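Okay, so here's just one chain, in structure tokens, the form solved without the partner chain.
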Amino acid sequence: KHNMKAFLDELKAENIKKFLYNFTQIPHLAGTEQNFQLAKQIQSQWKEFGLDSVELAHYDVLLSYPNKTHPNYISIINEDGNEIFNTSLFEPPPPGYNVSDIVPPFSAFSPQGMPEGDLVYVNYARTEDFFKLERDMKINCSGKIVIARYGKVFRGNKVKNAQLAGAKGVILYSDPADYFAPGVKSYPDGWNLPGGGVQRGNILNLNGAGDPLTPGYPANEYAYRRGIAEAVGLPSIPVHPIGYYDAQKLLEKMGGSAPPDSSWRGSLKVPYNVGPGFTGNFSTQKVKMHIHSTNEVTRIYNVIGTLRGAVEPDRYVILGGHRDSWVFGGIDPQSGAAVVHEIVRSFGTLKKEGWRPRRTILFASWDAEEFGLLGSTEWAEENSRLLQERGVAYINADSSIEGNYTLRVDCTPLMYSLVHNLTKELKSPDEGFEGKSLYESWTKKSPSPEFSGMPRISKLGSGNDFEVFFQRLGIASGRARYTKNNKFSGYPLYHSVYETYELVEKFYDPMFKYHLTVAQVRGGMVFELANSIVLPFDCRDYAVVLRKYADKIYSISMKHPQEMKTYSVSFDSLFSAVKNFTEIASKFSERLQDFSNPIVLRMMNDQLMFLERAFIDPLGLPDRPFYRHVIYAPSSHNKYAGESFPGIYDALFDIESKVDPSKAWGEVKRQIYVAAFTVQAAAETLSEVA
């Protein structure tokens, strides 16, 4: 028979291994000829595998690259103007890699400049770190160069924070506290970051816009582009990343104030003085950045494969992940792309035997994810009306592994039940759990903070290609990978030259069993979403979390009882809406369990499909028009993390500091009204239709 077990059994670890090797021999930087050739290869193979149609969708978007003949670096410069120390021009390449087109470490979209000044050390450059510096320690960052350790929050938030503090430049570095696990060797002898390793990465704050020059519309051949002065999300100060050998040289001379406490100290043999500037003898030395990167409109290519549905071809289940990498992409993204490739091969095997899924499955190899989700977002802008009206679900497929300990899942509440049920039917690949389910191992290793006997599933934020589908368009989305036991900092070799096939094969997953388990989870989700007669979404799970999120935001507000009294700030409407949602969802579930009638079925499937869609506000969130989901948005302090009831959360954040409390609390009340209304409107989509 042709059922999920047949699909799952066709998946093979050995194929994933072969694909990963094939995908990681040369760099595949977005916008480069190498990445276009790989796109063409994938297109050809997906056709061979049996998909109905496989096309390239291209766009011309703003990318950023270093200047090959004018390299980026940082100096310590003496009073005479002599540069007495320089940071590296490249990472030492790994053994066996005379590869020529390795992009040197840089911060994509940094402006050009040669700022020269005194250093201030700002820990992780988080909102609370700048509060500590400016409010408690009374240190002024205006006209200073900020040095910050990577970790904890998206680097673009660090840069925005530094900019608003008045910094004239930002130096990002990898501290061994965050990127060197105790007792493991550095690459190539282990999976740790060497002192010469550096984390690449973009520093934009796009808030969901996609290509900086074309917000709202696809960057096609006739697109009108913003002038660079009006581009979305570009930083105004230069930024550059370095490794910890170089950072130690910059930090060791730091003077001024002591770190305020131990949470500001990393593992290097330096004081972690905050500054500003260097200790007495070196007080006249400065730090000088030299950044010469350019922003360039460049063609990118998505591969889009279609497997037409037998019964509901106008309903789309999408499996997507990116293909562009910073260098070799051993983990990010090719460990994910190899899994997608084997999933396509498996579905195609069933297709060649006469099977088709109930609903259409779309498969995507996205481009320019590393530059801000540009490929997925431009394609979703081009196809927004089709996706709006036909999109059932989106499953992401970036890195399959970032460790080998247990499963990690973020998804809409609508998919919790699907994930629980699927993982109870899959074998655990873990040592000590042979013969046990993946649900059993995952629940043991990553227990739910609220329920006994359940695993942890987190809120979707951003940082990957599901963002446009979920936060802009309101299509139910999910993601899953194998992880470690600093969940937002990345694994040690993240975005470094050292992320290679050998890293994965030697140190992460020699038997490709964790990859295979991830293929079964991602592929199994897609199979059920595309094949189940009734869509596998449980609306009651949204009702449960909505109460949790309402309790949480009420509790934040209740830190200010006098203001809530003064401005008559009531959450009664929001709790009422949540109560109604709970009641209506329970009744809908009863009807769904209780109906041969394909119109009632589809009517009910449409109610399930449009339920995520109902949380979209067409006016967007304040000053973030492309984040339209009222329940979830990426955190304003950390793009990687999701925030619940974000419009109310941001209205309450640091509210005690606002100089017009009447206005500030007014806006809290406005956000409570928008949230209560949206929850009740979403509930009403589940009521009997007439």
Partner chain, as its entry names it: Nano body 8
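Residue numbers count along the first chain shown, from 1.
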| request: Scan the PDB entry between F595 and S596 and report the missing deposited residues as one of none, 1 to 3, 4 to 9, 10 or more. | output: 1 to 3
| message | Please classify the coordinate gap between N485 and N486 in terms of deposited residues: none, 1 to 3, 4 to 9, or 10 or more. | response | 1 to 3
| request: Taking the mean of the C-alpha B-factors per stretch from the entry, tell me the winner out of 163-171 and 197-205. | output: 163-171
| query | Would 50-58 or 623-631 have the larger average of its C-alpha temperature factors, as given in the entry? | reply | 50-58
| task | Could you check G523, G330, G216, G275 and tell me which one carries the biggest Cα B-factor in the deposited entry? | result | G275
| Whose CA atom has the top B-factor in the entry, of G210, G320, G305, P235? | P235
| message | Could you place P661 in the lowest, middle or highest third of its chain by Cα temperature factor, using the values in the record? | response | highest
| field | Where the record places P115 (Cα B-factor, split into thirds across the chain) | value | highest
| query | How does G266 rank on Cα B-factor within its chain, lowest, middle or highest third? | reply | highest
| task | For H28, return the chain-relative third of its C-alpha B-factor as stated in the PDB record: lowest, middle or highest. | result | lowest
| note | For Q43, the third of its chain by CA B-factor is the middle
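Although it is not shown, the form deposited with the partner chain bound is what the next lines describe.
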| request: Note which of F433, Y245, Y272, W355 lies within 4.5 Å of the partner chain in the entry with it bound, where distance is taken over heavy atoms; exactly one does. | output: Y245
| Heavy atom within 4.5 Å of the partner chain in the entry with it bound: which of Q112, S417, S88, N404? | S88
| field | 4.5 Å heavy atom contact, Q285 to the partner chain in the entry with it bound | value | yes
| Would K249 sit within 4.5 Å of the partner chain in the entry with it bound, counting heavy atoms only? | yes
| field | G166: touches the partner chain in the entry with it bound, heavy atom cutoff 4.5 angstroms | value | no
| the partner chain contact in the entry with it bound: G453, any heavy atom under 4.5 Å | no
| One stretch from 521-529, 195-203, 145-153, 394-402 that, in the entry with it bound, holds residues within 4.5 Å of the partner chain by heavy atom | 195-203
| task | Just give me the residues of 495-511, first to last, that have a heavy atom within 4.5 Å of the partner chain in the entry with it bound. | result | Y498
